[PDB]
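Trainee: Take a look at the following structure, please.
Cβ coordinates were reconstructed from backbone atoms using ideal geometry, including for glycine residues, and neighbour counts include every protein chain displayed. What follows draws every value from the coordinates through simple rules; no lab data is involved.
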Amino acid sequence: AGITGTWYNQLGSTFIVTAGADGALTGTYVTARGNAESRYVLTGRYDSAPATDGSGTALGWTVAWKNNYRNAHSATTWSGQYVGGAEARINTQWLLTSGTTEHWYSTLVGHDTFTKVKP
Amino acid sequence: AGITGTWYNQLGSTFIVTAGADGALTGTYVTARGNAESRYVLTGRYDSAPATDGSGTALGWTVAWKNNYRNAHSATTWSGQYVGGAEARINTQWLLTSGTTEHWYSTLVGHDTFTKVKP
Amino acid sequence: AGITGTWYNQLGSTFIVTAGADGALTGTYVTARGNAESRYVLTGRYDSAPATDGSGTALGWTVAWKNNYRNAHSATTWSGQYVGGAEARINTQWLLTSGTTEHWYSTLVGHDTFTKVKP
Amino acid sequence: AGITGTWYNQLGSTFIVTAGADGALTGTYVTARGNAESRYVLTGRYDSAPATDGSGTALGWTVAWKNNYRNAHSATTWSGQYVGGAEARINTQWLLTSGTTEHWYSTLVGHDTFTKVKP
Amino acid sequence: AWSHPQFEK
Amino acid sequence: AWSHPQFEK
Amino acid sequence: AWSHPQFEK
Amino acid sequence: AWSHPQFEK
């Protein structure tokens, strides 16, 4: 798959993921401060048989922003595509929803480009 | 949490989820045709200690659109908020990314409102 | 076109738009408080020759949240589709960007359904 | 404002905009093929009195993808923030809605970074 | 996307 | 954003 | 959408 | 959201 391992966004965050043979993604997302309190569980799914002709491999994952240190009462999902080669990347769009505020103004949208080397 | 169980969107799809004590979501998403080939694995996360004062409980999940019948080389993530009460709902926004086409025009966005009763 | 006139979202906001023969949209968006300070300029575009076979008519508009009373240093764009008939609707998704905060966490996403009758 | 003039995305498209004293944006969007049939009207709004302390200037615009050559029965809105300085940029997120297909799967989401120099 | 599983009728 | 004009009650 | 004007090469 | 973990510096 080429997905298993460590990936870096352009803001200093990291995640570390294992891609299972079945389509499972499991790992840890680490925000840019990089300490214990910056580590969060992630889980998701990916296409374990992508088109050989196509551009990439579809995938998505979720982080709920609670760990044993802190709780930001929110969750982010990243939806995107892994592209292999010499400059491998995971191109994503993300949705960050807050649990605390009313739903219709609760969700931020953005994008992240993950690489195998740091920015 | 109030999340564990079966939920219906307004288009005829279903999902069935278990919310673990740790923040895990695991289950099955079933598209509106409702047959074997319509069932897909889902995984995600939720806030297992939401604010008691706030509006809801943040959560997200992913489905990769491959099962043992078919493969649509794509993945959808839903990001949203569970709201309890007599008319419980999960309010979501979603991102559907295709793996096959170039990333910059690869992602659809939409919304789903899930209820405990069918539309 | 069927677009010219007054439309109501499900939250109590109104807008009033004129659809020009050329594709122009011009009007006023009025937030749910409904007073002078709640009125903002809107401008946008629409497909002035939609497919006769298709579902609807593509359109979009912008409001910058400044008027002669107040300035929220932000802008919302709605992108969507007008559907005619007895229950005419404009189905939209929107992006609200703040000017003041750093761009990568600056944009909220949501949806609005506009009807010719109030909720 | 710093907005009036020509801007280039990272894919080869151009737009040319005038920012009016009142908050109006008017101009032309030119897709990457760069010929007559690639030119489309744009209109939008911007914050004509941004915070002096803040990061940028909120703005948005719409293109309906019809000109006198062709009609793609769709509209894109860009919502974003102008940031001045030596490396001025307009950071945006966009929503592309098709008029022809049913609304719930009709809208693509993406992002564009516009600069004063070409990529 | 009209034929994608997510939107199937 | 709860106090933004777009969402005001 | 690969053939849409917005993404044309 | 400037203080949210996702965007922390």
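Trainee: So how many residues does region A:67-76 have that are crowded, with 24+ Cβ neighbours inside 10 Å and either more than 8 Å from chain B (Cβ to nearest Cβ) or touching a residue at least 24 places away in the same chain (Cβ under 8 Å) (or both)?
Mentor: Total satisfying the criteria: 2.
Trainee: Kindly indicate whether residue A:95 is of a type in the set (A, V, I, L, M), free of Cβ contacts under 8 Å to residues at least 40 places away in the same chain, at the interface with another protein chain (Cβ under 9 Å from one of its Cβ atoms) and surrounded by 23 or more Cβ atoms within 10 Å (Cβ to Cβ).
Mentor: Yes: the conditions hold for residue A:95.
Trainee: Inspect region D:73-81 for any residue being of a type in the set (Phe, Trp, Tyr), out of contact with any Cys (no Cβ under 7 Å at 6 or more places or on another chain) and within 26 Å of residue D:35 (Cβ to Cβ) and give the result as yes or no.
Mentor: Yes: region D:73-81 contains one or more residues that are of a type in the set (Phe, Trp, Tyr), out of contact with any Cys (no Cβ under 7 Å at 6 or more places or on another chain) and within 26 Å of residue D:35 (Cβ to Cβ).
Trainee: Also, quick follow-up: Could you check region C:21-37 and list, in sequence order, the residues that are in contact (Cβ under 8 Å) with a residue 12 or more places away in the chain and more than 12 Å from the chain's Cα centre (by Cα)?
Mentor: C:21, C:22, C:23, C:24, C:32, C:34, C:36, C:37
Trainee: Free of Cβ contacts under 8 Å to residues at least 24 places away in the same chain, at positive phi and surrounded by fewer than 23 Cβ atoms within 10 Å (Cβ to Cβ), is that true of residue B:12?
Mentor: no
Trainee: Right, here's the next one. Suppose we filter C:34, C:12, C:85, C:54 for residues that are farther than 23 Å from residue A:111 by Cα, facing chain D (nearest Cβ under 8 Å) and not in a strand (DSSP E or B); which single one remains?
Mentor: It is C:54.
Trainee: Test each condition in (1) touching a helix residue (DSSP H, G or I) at 6+ places or on another chain (Cβ under 9 Å); (2) of a type in the set (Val, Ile, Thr); (3) buried (at least 24 other Cβ atoms within 10 Å of the Cβ) for residue C:90 and report the one that comes out false.
Mentor: (1)
Trainee: Of (1) under 14 Å from the mean Cα position of the chain (by Cα); (2) surrounded by fewer than 18 Cβ atoms within 10 Å (Cβ to Cβ), residue C:85 satisfies all except one. Which?
Mentor: Against the list (1) under 14 Å from the mean Cα position of the chain (by Cα); (2) surrounded by fewer than 18 Cβ atoms within 10 Å (Cβ to Cβ), residue C:85 comes up short only on (1).
Trainee: Do we find that residue C:59 is crowded, with 21+ Cβ neighbours inside 10 Å, touching a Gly at 6+ places or on another chain (Cβ under 8 Å) and among the aliphatic types (A, V, I, L, M) in this structure?
Mentor: Yes: the conditions hold for residue C:59.
Trainee: Sort through C:69, C:105, C:40 and tell me the only one that's over 17 Å from the mean Cα position of the chain (by Cα) and closer than 23 Å to residue D:90 by Cβ.
Mentor: After applying the criteria, what remains is C:105.
Trainee: On to the next question. Quick one: would you say residue A:63 is closer than 18 Å to residue A:15 by Cβ, of a type in the set (A, V, I, L, M) and within 11 Å of the chain's Cα centre (by Cα)?
Mentor: Here the answer is yes, as residue A:63 does meet what is asked.
Trainee: Out of region A:15-31, which residues are closer than 24 Å to residue B:69 by Cβ and either at the interface with another protein chain (Cβ under 9 Å from one of its Cβ atoms) or outside any loop (DSSP other than H, G, I, E, B) (or both)?
Mentor: If the condition is that a residue be closer than 24 Å to residue B:69 by Cβ and either at the interface with another protein chain (Cβ under 9 Å from one of its Cβ atoms) or outside any loop (DSSP other than H, G, I, E, B) (or both), then A:19, A:22, A:23, A:24, A:25 are the ones that fit.
Trainee: Scan region D:98-112 for residues that are more than 9 Å from chain C (Cβ to nearest Cβ) and either touching a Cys at 6+ places or on another chain (Cβ under 6 Å) or of a type outside the set (A, V, I, L, M, F, W, C) (or both) and jot them down.
Mentor: D:105, D:110, D:111, D:112
Trainee: Based on what the data block shows, is residue C:105 aromatic (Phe, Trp, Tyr) and without any contact (Cβ under 8 Å) to a residue 12 or more places away in the chain?
Mentor: Here the answer is yes, as residue C:105 does meet what is asked.
Trainee: When the residues of region D:88-102 are narrowed to those that are in contact with a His (Cβ under 7 Å, 6 or more places away or on another chain) and outside any strand (DSSP E or B), which ends up farthest from residue C:93 (Cα to Cα)?
Mentor: Applying the filter and picking the extreme gives D:100.
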